[PDB]
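Student: In PDB author numbering, the protein residues as written are 1 to 206. Idealized CB from N, CA, C, for every residue including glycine.
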Amino acid sequence: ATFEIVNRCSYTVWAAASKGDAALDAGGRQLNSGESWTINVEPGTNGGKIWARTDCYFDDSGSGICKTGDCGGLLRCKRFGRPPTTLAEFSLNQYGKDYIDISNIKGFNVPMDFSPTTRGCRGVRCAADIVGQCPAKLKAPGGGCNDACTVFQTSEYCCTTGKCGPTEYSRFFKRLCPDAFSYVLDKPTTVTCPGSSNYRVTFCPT
Numbered sequence: 001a002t003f004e005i006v007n008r009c010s011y012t013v014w015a016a017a018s019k020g021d022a023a024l025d026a027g028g029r030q031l032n033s034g035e036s037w038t039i040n041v042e043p044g045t046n047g048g049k050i051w052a053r054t055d056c057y058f059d060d061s062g063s064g065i066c067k068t069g070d071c072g073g074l075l076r077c078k079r080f081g082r083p084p085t086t087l088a089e090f091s092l093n094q095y096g097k098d099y100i101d102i103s104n105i106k107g108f109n110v111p112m113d114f115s116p117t118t119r120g121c122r123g124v125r126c127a128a129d130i131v132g133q134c135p136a137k138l139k140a141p142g143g144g145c146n147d148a149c150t151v152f153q154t155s156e157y158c159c160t161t162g163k164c165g166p167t168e169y170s171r172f173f174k175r176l177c178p179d180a181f182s183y184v185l186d187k188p189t190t191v192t193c194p195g196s197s198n199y200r201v202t203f204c205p206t
């Protein structure tokens with residue numbers, strides 16, 4: 001499947017793409033404002049994620065640090081990034097269908113649209129100003145708005161027992177971005193697309 005990753009933000013982002021135990025495609029790249037990066041994701045990929053990283057410094061070996069979404073200090077991510085990270089999540093060719101969602105379960109750093117470029121399903125978006133409106137206790141100094149599990153590490157926020165409810169913090173994210181997951185047991189906002197669809201992830205869509 002083809003994903004075009006577009007940075008419409010006014011600032012540089014370092015896109016990342018991983019399935020948690022390996023990079024997808026090159027795994028990461030710098031995107032200046034307006035740039036587009038096209039990646040190929042193997043059919044059958046289960047549990048892939050794309051996200052943006054902000055305020056990164058990398059050396060010539062591709063080693064460094066980012067203030068949001070850092071993936072063990074690498075330009076080319078092999079593992080998932082450190083919160084806060086708005087996530088585009090996908091599983092492809094699962095019994096004939098692709099499944100896509102946006103999640104705020106690991107917080108929010110950059111607004112995002114995640115849409116098919118082929119026919120037969122809808123896109124999803126979280127483009128509200130979550131950072132600006134972030135509750136004081138969830139604000140990340142490096143930038144972004146952490147989820148409550150990351151911050152407080154309780155069974156209730158992290159849904160460790162598999163039983164948890166919405167919280168004051170999850171409802172913040174859900175009010176601003178209803179079409180994104182706000183906590184682990186949120187009513188799913190997954191979109192079902194035809195198997196082998198192609199997609200575009202746009203940072204700062206509005």
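Going by DSSP, what residue range makes up the beta strand (DSSP E) through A148?
Tutor: Indexing the sequence shown from 1 puts residue 148 at position 148. Looking at the DSSP string, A148 is not in any beta strand (DSSP E); the run it does join, the alpha helix (DSSP H), is 148–152.
Student: Taking its Cβ as the centre, do 16 or more other Cβ atoms sit within 10 Å of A22, making it buried, or is it exposed?
Tutor: If you number the sequence shown from 1, residue 22 lands on position 22. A22 is exposed by the Cβ-count criterion.
Student: Which stretch, first to last residue, makes up the alpha helix (DSSP H) that contains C158?
Tutor: For this step, residue 158 is matched to residue 158 along the sequence shown. Run containing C158: 155–158, per the alpha helix (DSSP H) assignment.
Student: Please report the distance separating the alpha-carbon of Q30 from that of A88.
Tutor: Counting from one through the sequence shown, the residue named residue 30 turns up at place 30. Counting from one through the sequence shown, the residue named residue 88 turns up at place 88. Distance between the alpha carbons of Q30 and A88 is about 18 Å.
Student: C126 bridges to which residues according to DSSP?
Tutor: For the purposes of this step, residue 126 is identified with residue 126 of the sequence shown, where counting begins at 1. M112, per the DSSP bridge assignment.
Student: Within this structure, are the beta carbons of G69 and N109 separated by less than 8 Å?
Tutor: As a working note, residue 69 is residue 69 in the sequence shown. As a working note, residue 109 is residue 109 in the sequence shown. Yes, the pair counts as a contact, with Cβ atoms nearer than the cut-off.
Student: Compare the Cα-Cα distances from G132 to each of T12, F173, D179 and report the closest residue.
Tutor: One-based indexing of the sequence shown puts residue 132 at position 132. When each option's Cα is compared against that of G132, the closest is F173.
Student: Is it the case that the segment 58–69 contacts the segment 147–159, given that we only count it when at least three CB pairs across the two stretches are under 8 Å?
Tutor: The segment 147–159, when compared against the segment 58–69, does not touch it at the 8 Å Cβ threshold.
Student: Find the nearest neighbour of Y183 within the set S197, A148, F203, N198, judged by alpha-carbon distance.
Tutor: Residue 183 sits at position 183 when you count from the first residue of the sequence shown. For the residues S197, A148, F203, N198, the minimum Cα distance to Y183 belongs to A148.
Student: Quick one: what's got a C-beta closer than 8 Å to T167's C-beta in the same chain, skipping five residues either side?
Tutor: Numbered from 1 along the sequence shown, position 167 holds the residue referred to as residue 167. The residues are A148, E156, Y157, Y183.
Student: Would you grab the beta carbon distance between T54 and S33 for me? Rounded to a whole angstrom, and I think it's under 8 Å.
Tutor: Reading the sequence shown from its first residue, position 54 is the one you call residue 54. Reading the sequence shown from its first residue, position 33 is the one you call residue 33. Incorrect: roughly 13 Å between the Cβ atoms, too far for contact.
Student: Rounded to the nearest angstrom, what separates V41 and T2 at their Cα positions?
Tutor: Working through the sequence shown from its first residue, we reach residue 41 at position 41. Working through the sequence shown from its first residue, we reach residue 2 at position 2. C-alpha separation (whole angstroms): 6 Å.
Student: Would you tell me roughly how many angstroms separate the C-alpha atoms of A52 and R79, rounded to the nearest one?
Tutor: Locating residue 52 in the sequence shown gives position 52, counting from the first residue. Locating residue 79 in the sequence shown gives position 79, counting from the first residue. Those two C-alpha atoms are separated by around 14 Å.
Student: Between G142, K139, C134, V124, which lies nearest to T202 when the distance is taken from Cα to Cα?
Tutor: In the sequence shown, residue 202 corresponds to position 202, counting from 1. Closest by alpha carbon: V124.
Student: Under the assumption that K67 contacts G48 (Cβ atoms under 8 Å), give the Cβ distance between them as a whole number of angstroms.
Tutor: Within the sequence shown, residue 67 is the residue found at index 67, counting from 1. Within the sequence shown, residue 48 is the residue found at index 48, counting from 1. Contact flag wrong, Cβ pair sits at about 23 Å.
Student: What are the start and end residues of the beta strand (DSSP E) that includes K49?
Tutor: In the sequence shown, the residue the question calls residue 49 occupies position 49. Segment 48–58, the beta strand (DSSP E) holding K49.
Student: Taking the alpha helix (DSSP H) that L176 falls in, what are its first and last residues?
Tutor: Here residue 176 corresponds to residue number 176 of the sequence shown, with the count starting at 1. Here the alpha helix (DSSP H) through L176 covers 168–176.
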